[PDB]
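Enquirer: generate coordinates for the sequence data below:
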Amino acid sequence: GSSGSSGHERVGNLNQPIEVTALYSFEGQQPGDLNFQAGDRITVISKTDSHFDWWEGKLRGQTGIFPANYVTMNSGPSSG
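Expert: Residues are numbered from 1 along each chain as shown. Shown next is the structure:
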């Protein structure tokens with residue numbers, strides 16, 4: 001419960017996370033990674049402006065890092 005030194009004071013405004021669909025299955029070799037399967041939607045909480053990099057999302061009430069190349073950005077009608 002009790003905390004020491006923590007906060008969210010950093011550049012970048014995130015009013016809401018992003019939703020991505022795992023294009024392929026993945027198995028986090030480390031405990032800090034994330035475990036998902038082709039189709040499982042991952043809640044992107046902290047990602048970068050690069051597709052060739054690992055992002056941080058949330059799945060099945062979990063959190064970990066994973067390659068963005070294993071997911072895709074799915075959004076509704078941009079014009080409609």
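Enquirer: what's the distance between the residue nearest the centre of the chain and residue 30?
Expert: In the chain, the residue lying closest to the centroid (C-alpha atoms, centre = their mean) is residue 57, at 2.2 Å. Residue 57 sits 15 Å away from residue 30 when distances are taken as C-beta to C-beta, to the nearest Å. C-beta here means a position set from N, CA and C on the backbone, and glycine is covered the same way.
Enquirer: where along the protein do the helices fall?
Expert: Ranges of helices within the chain: none, based on DSSP state H.
Enquirer: give the contact list for the residue nearest to the centre of the chain.
Expert: Counting by C-beta atoms under 8 Å, 6 or more residues apart in numbering, residue 57 makes contact with 17, 20, 34, 42, 43, 44, 45, 47, 63, 64, 66, 71.
Enquirer: and what of residue 71?
Expert: Neighbour list for residue 71: 20, 21, 22, 23, 42, 55, 57 [criterion: C-beta under 8 Å, 6+ apart].
Enquirer: buried subset of those residues as a PyMOL selection?
Expert: Filtering the contacts of residue 71 down to the buried ones (16 or more other C-beta atoms under 10 Å) takes a single PyMOL command:
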select buried, resi 20+22+42+55+57
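Enquirer: ok, back up a step: quick one, which of the contacts of residue 57 are buried?
Expert: Among the contacts of residue 57, the ones that count as buried by 16+ other C-beta under 10 Å are 20, 34, 42, 44, 47, 64, 66, 71.
Enquirer: surely the second one and residue 60 touch.
Expert: Pointing back at residue 34 there. No - Residue 34 lies out of contact with residue 60 (C-beta atoms under 8 Å); the separation is 9.3 Å.
Enquirer: rebuild the contacts of residue 71 as JSON lines, extending it with distance to residue 9.
Expert: Formatted as JSON lines, these follow (distance: C-beta to C-beta, whole Å):
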{"residue": "20", "distance to residue 9": "27"}
{"residue": "21", "distance to residue 9": "32"}
{"residue": "22", "distance to residue 9": "31"}
{"residue": "23", "distance to residue 9": "34"}
{"residue": "42", "distance to residue 9": "26"}
{"residue": "55", "distance to residue 9": "21"}
{"residue": "57", "distance to residue 9": "22"}
